[PDB]
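Chemist: There's a structure below that I have some questions on.
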Amino acid sequence: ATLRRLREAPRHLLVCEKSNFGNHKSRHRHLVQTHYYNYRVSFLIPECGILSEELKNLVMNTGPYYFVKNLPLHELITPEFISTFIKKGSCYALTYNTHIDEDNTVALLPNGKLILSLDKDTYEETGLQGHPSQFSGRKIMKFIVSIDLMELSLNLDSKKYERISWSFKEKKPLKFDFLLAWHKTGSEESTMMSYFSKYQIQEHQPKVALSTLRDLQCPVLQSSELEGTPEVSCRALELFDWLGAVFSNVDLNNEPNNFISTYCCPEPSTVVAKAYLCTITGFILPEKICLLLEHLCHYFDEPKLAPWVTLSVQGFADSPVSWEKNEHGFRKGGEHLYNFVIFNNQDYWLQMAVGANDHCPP
Amino acid sequence: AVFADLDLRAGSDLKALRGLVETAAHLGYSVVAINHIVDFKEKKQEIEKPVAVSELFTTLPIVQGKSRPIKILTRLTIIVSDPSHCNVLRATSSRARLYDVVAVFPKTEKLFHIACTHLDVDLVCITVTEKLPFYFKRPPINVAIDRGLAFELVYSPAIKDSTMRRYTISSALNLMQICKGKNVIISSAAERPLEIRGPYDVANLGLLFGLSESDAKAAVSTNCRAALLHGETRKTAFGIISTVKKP
Amino acid sequence: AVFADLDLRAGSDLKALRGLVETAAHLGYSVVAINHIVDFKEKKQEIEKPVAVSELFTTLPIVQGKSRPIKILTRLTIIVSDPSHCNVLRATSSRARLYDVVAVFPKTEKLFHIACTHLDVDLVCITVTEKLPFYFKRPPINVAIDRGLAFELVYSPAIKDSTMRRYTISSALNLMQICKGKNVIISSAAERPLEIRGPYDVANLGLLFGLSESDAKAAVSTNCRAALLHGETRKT
Amino acid sequence: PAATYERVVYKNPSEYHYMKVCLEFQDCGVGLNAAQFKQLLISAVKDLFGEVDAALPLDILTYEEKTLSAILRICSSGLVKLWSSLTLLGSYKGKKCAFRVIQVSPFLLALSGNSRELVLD
Amino acid sequence: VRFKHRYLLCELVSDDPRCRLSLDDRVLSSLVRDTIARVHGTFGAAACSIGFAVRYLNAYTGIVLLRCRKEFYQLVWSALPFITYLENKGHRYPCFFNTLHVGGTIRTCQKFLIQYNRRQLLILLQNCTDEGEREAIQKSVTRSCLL
RNA sequence: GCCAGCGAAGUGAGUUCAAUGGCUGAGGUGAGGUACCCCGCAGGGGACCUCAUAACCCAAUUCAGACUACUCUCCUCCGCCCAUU
C-alpha cells in the first residue's frame with residue numbers, strides 16, 4: 001500500500017494538435033484571446049542572427065501594466081470603474097502573491113465577471129452566494145464566488161448590487177495587491193494613473209531577455225505527422241522536453257565522468273549555427289500575443305532559412321481560472337502552458353501542457 | 001485552509017530564536033509555535049513571564065509571500081511518566097490558566113488510556129527515542145478522532161544518529177498502520193540554529209510515513225488549524241468566545 | 001507456461017559441473033542451458049565434441065518436484081566488439097549448423113543496430129561490467145520485439161563487489177525504463193560452486209528490476225519457451 | 001501540400017522529473033565539486049534508503065558554483081525516495097549541510113522560467 | 001482488530017554440517033537485520049525490527065519459517081537472496097533458497113512441510129541404494145504409519 | 001416453575017501463532033467541453049477526453065427480527081433564506 005504510494009503518479013495531461021492558419025475552422029485566435037493571464041512569452045528562431053525592426057518594436061511594446069498596493073474590492077464595483085474601464089475596453093486585474101489553495105485570490109474577467117476564490121472564513125464573512133469548488137475529500141477547502149458586473153450595471157438600484165456593496169464596504173473590507181491592465185477600445189481616453197491616484201500605483205514594463213545561442217542541434221520535423229516517422233522525423237514531445245532543456249541554458253554532449261549525465265538528443269537532427277532566443281516576462285496582454293502570432297505567421301512569407309519557429313507561453317501559476325473554465329490547482333507544483341510550432345506552409349502545432357489537478361480544453 | 005503551521009521545540013537564547021524566526025519567515029512559515037519541554041523530574045511551573053516575544057522582537061517578521069503578520073504561539077510539552085504527575089497536571093486545570101495549547105507526553109498505557117478517555121488535553125505528544133515499544137487500543141483512538149485529538153509526531157532523528165531514525169520510522173509506520181491516519185500532524189524540533197527544511201517537503205516526510213498521496217498535506221494543513229481551534233475552545237470557552245473590543 | 005528454464009555460464013571441470021547440475025536439479029530447475037564465453041581476442045571455434053554431457057553424466061538428473069527428465073542445451077555466448085568479428089559470425093551462418101541458440105554480445109551501438117536489424121541471432125546478451133554506458137534506439141527494439149528477440153541479463157555481482165552491483169542495477173533500471181519491458185529474461189552465471197538463487201526468487205528479483213509485480217515471472221516463463229521455439233525455427 | 005486536423009490525447013507520457021535546488025551550506029568551508037555532489041547523492045540514498053535505490057537513473061544539469069544551484073532529474077519511480085533522501089540530511093564529512101529544495105516540476109520550461117515567486121520586485 | 005500476517009519458508013543449502021550445527025535465533029536475527037541494512041536503509045530494515053521476527057528454526061533440517069507484514073513481504077522476500085558471506089568460527093558459505101511462499105495460515109504451511117519432507121525422503125532412496133540408511137527409512141515409515 | 005442430546009469427516013468464503021475487497025482498459029451513474037458523424041423544428045440522437053465512484057467496518061456455525069455507525073446512491077413529506085414574474 002505504502003510502496004505503491006511511493007511510486008503511483010503525479011497526474012499528467014499533454015495534448016497535441018495540428019492545424020492550418022488559412023482554415024476557417026481554426027480557433028487559435030479565440031484560444032489566445034479567451035486565455036487571460038500570462039507570465040512568460042518566449043520565441044525561438046533557428047538560423048537568424050539580426051532581428052528585424054518591425055518585430056523589435058512589437059517586443060519592446062508588449063506592456064505596460066500597473067501595480068497597486070492595498071486596493072479595496074469595493075472600488076472595483078463602482079459605476080465609474082465599470083463605465084470607464086469595463087464598458088470602454090478590456091480591463092484585467094489579479095491579486096499578487098496569494099496562493100490559490102491557501103489564500104484569497106480575486107480576478108476580473110473582460111466579460112464583466114469578478115471571480116474570487118476564497119477560503120471558508122472569507123466566504124462566511126463576506127456572505128456572498130457561490131459554489132463549493134475545491135475539496136479535501138469530505139471537507140471543503142475553497143469556494144468560488146462569481147459576480148457579473150455587466151448585468152448589475154443595467155440595474156444599479158437592485159437589491160443584489162446594494163447587497164454586494166454592503167458586503168464589500170461595511171461587512172468585510174478586503175484589500176489586496178493588484179496587477180492591472182486595460183486594453184483601450186474606446187474613443188474617450190482616460191489613463192489609469194489619474195484614476196488610482198490615491199493609492200501607490202506603479203507603472204511597469206515587461207522584462208525582455210535576448211539570447212544568441214551557438215551550435216544548437218535542432219530536430220527535423222514533418223508537418224503532416226504528429227507521432228513522427230521512424231528514422232526521418234522526431235516526436236514533438238521529446239522536442240518540447242529538449243526545448244525546455246535549451247531554455248534552461250543546458251546544451252552539451254555525452255560526458256563520461258563520475259557525475260554521469262546521459263541525455264539523448266532527438267535524432268535525426270541538424271546543426272544550427274545561430275539560434276535567436278527572446279523571452280518577455282511580466283503581465284502580458286493576449287492581444288500582443290495575437291499580433292506576435294500573426295507576425296510569426298507572416299514571417300514565412302519571404303524565403304527564410306528557418307524551417308519552423310517556436311512560440312511558448314507560460315501563464316500565471318497562481319490564477320483561479322485559466323483556459324476559459326478550468327481551475328488551476330496546486331498539488332506540490334503543476335502549471336499550464338501552450339506552445340506553437342510554426343512551419344513555413346502556414347501549418348502550426350497546438351500543444352497544451354497540464355499540471356497536477358486541472359482539466360484540459362479542446 | 002491555513003498552511004504553514006508547525007510546532008517548534010526551541011529555546012536557547014534570543015539570538016538563535018531570532019535566527020529561527022527569520023529562517024521560518026524566509027522559507028515557508030506564517031505561524032511559529034514554540035514548545036517548552038517540561039519533564040517529570042523537575043516539576044517546575046514558570047508560566048507568568050518566561051518568554052516575552054513581543055517585548056523583544058522588532059514589531060514584525062517579514063515573509064516572501066503575502067506579507068501577513070505572523071501569529072506566535074507559546075505551547076507547553078509536558079513529559080509525563082508517573083501517574084501522580086498526571087494528577088499534578090489534573091490539578092493545573094483550574095490553578096494556572098495560560099499556555100493556549102497544552103500538550104501531554106504519555107509513557108504508560110493506562111495513562112495513555114485515561115489521557116484519551118478522561119484527561120482534558122489538546123494534542124498528545126508521541127515521540128519514540130531509545131527503545132520505547134507501545135501498543136495501541138482502537139476505541140480510545142476512535143473517541144479521540146471523534147473528539148478532535150490531533151496526534152503530534154515531533155521529529156528530529158536525522159541530525160544526531162541513524163538508530164533514532166530507525167525507531168522513529170518504525171513507530172511512525174506502526175502509527176500509520178494501526179491508527180489508520182485520521183488526524184496526525186508532524187513537526188520539527190530546533191536545537192541547532194538551522195534544523196528546518198522546506199515546507200512542501202514536510203508533506204513527503206509525512207507521505208513516507210504514509211497517510212495518503214495528498215491528504216497528508218491536506219490533513220496537516222487542516223488539523224493544525226483544527227488544533228488551534230481546539231486550544232481556543234479550551235481557552236476562551238467551550239462554545240462561547242468573549243473578546244474585549246474597544247475601537 | 002513452462003517453468004524452471006534459465007541459463008548458466010559454468011564450465012571448469014567435470015566435478016564442479018556435476019555439482020552445479022545436482023544443485024540446480026535439487027533446488028529449482030528443469031532445463032539447464034550452459035553458455036560458453038568466447039571473446040574477440042582468441043577467435044577459436046571448437047564445436048564438434050567440446051562438452052559431452054550425456055557420455056559423462058549418469059543417465060538422469062532427478063528433481064525434488066515433478067520428477068521429469070531435464071533437457072540440457074549447449075549455448076554459445078560470443079563477445080563481439082570489433083565489426084570484423086561480427087563479419088566472422090556472419091560467415092558462420094552456413095558453415096557449422098550447431099549450437100541451437102546463438103547469443104551475441106555487442107559493445108558498439110552500430111553493431112547493436114545491425115544485430116537487431118540484419119544479423120540473425122536468437123538472444124542478445126546485455127551485461128555491463130566496469131563502466132560500460134550504452135544508449136538504446138526505439139525502432140530497432142520494436143523490430144526486435146516484433147521478431148522475437150529476448151534480451152538476456154546475466155547477473156552475478158552479489159558475491160564479488162558492490163560497485164558491480166550498482167552498475168548492474170543501473171543498467172537493469174535503464175533497460176526496464178527504455179525497452180518498456182516486453183521480453184527480457186534474467187539469468188545467473190556460475191564461476192564459484194555456489195552462485196545460484198531460488199526458482200520463485202527470480203520473480204521478486206525481476207520485481208526489484210521492475211517490469212511489473214508479476215510480468216517478470218510471466219515473461220521468463222513465456223519467453224524461454226518462445227526463445228526455444230525461435231531457435232528451433234531458426235535451426236529447421 | 002498537406003493541411004488537416006487531428007486530435008491526439010496522451011496519458012502520462014512525461015517519464016521524467018526535474019528539481020531546481022539552491023544549496024545553503026552552513027559553514028564557510030565551501031569545497032564543492034561536480035563529482036563530490038554526485039558522490040554525496042549516491043552515499044545518501046545508500047545509507048538512508050538503499051544501495052539498490054541509490055543507483056536510480058539521475059543526473060545533474062546547470063551545476064553552478066557561486067550561485068550554489070543545480071537541477072537533479074529522476075524518472076517517475078524514485079522521485080518520492082529522492083525527496084525523502086534529500087530531506088533526511090545525509091552528510092559528507094561532519095559539516096552538516098542544509099538541503100532546501102526550491103522547485104520541482106515534470107517540465108524543464110515551467111521550472112526554468114519561474115514558479116516560486118512569479119514576480120520579484 | 002487484527003493484522004494479516006505473512007510467512008515464508010527458506011532452506012539453508014550447504015555441506016559441512018558444522019554449518020548445520022551453527023544456528024541460533026539471535027545470531028540469525030542480527031544476520032538478517034545486518035544484511036537488510038546493507039541492501040535497504042532505515043525504512044526497509046526498521047520495518048523488519050517491528051514486523052520481522054524469527055518463528056520456527058531447525059538445526060539439522062535447515063528449514064526456517066519467518067514472519068513478515070502485508071506491506072513489507074515483497075521487500076523482505078526481495079532482500080532474502082542477498083544474504084551472503086556469513087562469517088563465523090569457520091570459513092563457511094551458507095545460502096537460503098525459497099521453497100514456496102505461503103500467505104499466512106501456519107496450519108497448511110505445516111501441511112506443505114510434511115509433503116515436502118516426504119518428497120525429500122522418497123526421492124533420495126533409489127539413487128543411494130544402501131541398507132544402513134534404508135533401515136532407518138523403514139523405521140521412519142513405520143513410525144509415520146503409527147501416527 | 002421444573003423436565004429432553006448427539007466423540008467420526010469436510011459452510012453456493014470456512015480461517016483459527018487467525019488466508020479471501022491486488023493491477024490495467026472500456027462501458028454504468030453524477031458532471032463539464034467540443035473543430036466528429038447522421039437526420040432538417042430553432043434542434044435532437046450517437047461518437048471523443050478528463051474528474052468522482054467514497055465511508056462504516058471487518059465473518060469463525062447459520063438464520064429471523066430488533067440496535068447502533070454511514071453516504072457515491074435512488075422514492076417521497078418538508079422548513080428557512082436569496083433572486084424573478
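Here's how to read the names in the C-alpha cells: chain A, B, ... by the order shown, residue numbers from 1 in each chain, ligand numbers from 1 in the order shown.
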For the structure I just gave you, how does DSSP split stretch 182-221 of chain C - specifically, which residues are strand (DSSP E or B)? Reply as a PyMOL selection string.
Modeler: chain C and resi 184-188
Chemist: Go ahead and write the residues just picked, C-alpha atoms, as a PDB file, in the first residue's frame.
Modeler:
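Output (selection-v1.pdb):
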```pdb
ATOM      1  CA  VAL C 184      13.667  -9.647 -21.074  1.00  0.00           C
ATOM      2  CA  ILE C 185      14.882 -12.733 -19.193  1.00  0.00           C
ATOM      3  CA  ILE C 186      17.381 -12.639 -16.334  1.00  0.00           C
ATOM      4  CA  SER C 187      19.820 -15.467 -15.593  1.00  0.00           C
ATOM      5  CA  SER C 188      22.768 -16.280 -13.345  1.00  0.00           C
TER       6      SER C 188
END
```
Chemist: Would you list the contacts of residue E:47 as a ChimeraX atom specification, taking every protein, DNA or RNA residue within 8 Å and counting only C-alpha atoms (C1' of nucleotides), but skipping same-chain residues closer than 3 positions in sequence?
Modeler: /B:169-170,173 /E:43-44,50-52,72
Chemist: Using only C-alpha atoms and a distance of at most 12 Å, pull out the residues of chain D that contact chain C, as a PyMOL selection string.
Modeler: chain D and resi 15-16+42-43+46+50-58+74-78
Chemist: Work out how far atom CA of residue A:333 is from atom CA of residue B:206, in Å to one decimal.
Modeler: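 These two atoms are separated by 17.3 Å.
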Chemist: Using only C-alpha atoms, which residues of chain B come within 10 Å of chain E, and what is the closest atom pair for each, with the distance in Å to one decimal? Give it as JSON lines, sorted by chain and residue number.
Modeler:
```
{"residue": "B:133", "atom": "CA", "partner": "E:50", "partner_atom": "CA", "distance": 9.2}
{"residue": "B:137", "atom": "CA", "partner": "E:1", "partner_atom": "CA", "distance": 8.9}
{"residue": "B:138", "atom": "CA", "partner": "E:1", "partner_atom": "CA", "distance": 7.7}
{"residue": "B:162", "atom": "CA", "partner": "E:42", "partner_atom": "CA", "distance": 7.5}
{"residue": "B:163", "atom": "CA", "partner": "E:42", "partner_atom": "CA", "distance": 8.1}
{"residue": "B:164", "atom": "CA", "partner": "E:42", "partner_atom": "CA", "distance": 9.6}
{"residue": "B:165", "atom": "CA", "partner": "E:42", "partner_atom": "CA", "distance": 6.8}
{"residue": "B:166", "atom": "CA", "partner": "E:46", "partner_atom": "CA", "distance": 5.1}
{"residue": "B:167", "atom": "CA", "partner": "E:46", "partner_atom": "CA", "distance": 6.8}
{"residue": "B:168", "atom": "CA", "partner": "E:46", "partner_atom": "CA", "distance": 8.9}
{"residue": "B:169", "atom": "CA", "partner": "E:43", "partner_atom": "CA", "distance": 6.5}
{"residue": "B:170", "atom": "CA", "partner": "E:46", "partner_atom": "CA", "distance": 5.5}
{"residue": "B:171", "atom": "CA", "partner": "E:50", "partner_atom": "CA", "distance": 8.6}
{"residue": "B:172", "atom": "CA", "partner": "E:47", "partner_atom": "CA", "distance": 10.0}
{"residue": "B:173", "atom": "CA", "partner": "E:47", "partner_atom": "CA", "distance": 7.6}
{"residue": "B:174", "atom": "CA", "partner": "E:50", "partner_atom": "CA", "distance": 8.3}
{"residue": "B:177", "atom": "CA", "partner": "E:3", "partner_atom": "CA", "distance": 9.2}
{"residue": "B:178", "atom": "CA", "partner": "E:1", "partner_atom": "CA", "distance": 8.9}
{"residue": "B:208", "atom": "CA", "partner": "E:43", "partner_atom": "CA", "distance": 8.7}
{"residue": "B:209", "atom": "CA", "partner": "E:43", "partner_atom": "CA", "distance": 9.4}
```
Chemist: What residues in chain B lie within 6 Å of chain A, counting only C-alpha atoms, written as a PyMOL selection string?
Modeler: chain B and resi 1+65-66+210
Chemist: Of the residues D:60, D:48, D:9, D:28, which is the one nearest to chain E, using only C-alpha atoms?
Modeler: D:48
Chemist: I want to know what sits within 8 Å of stretch 15-27 of chain E, based on only C-alpha atoms (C1' of nucleotides), with residues of the same chain fewer than 5 positions away left out; could you give that as a list in words?
Modeler: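 In the requested form, the answer reads residues 54, 57, 59, 60, 61, 62, 92 and 94 of chain E.
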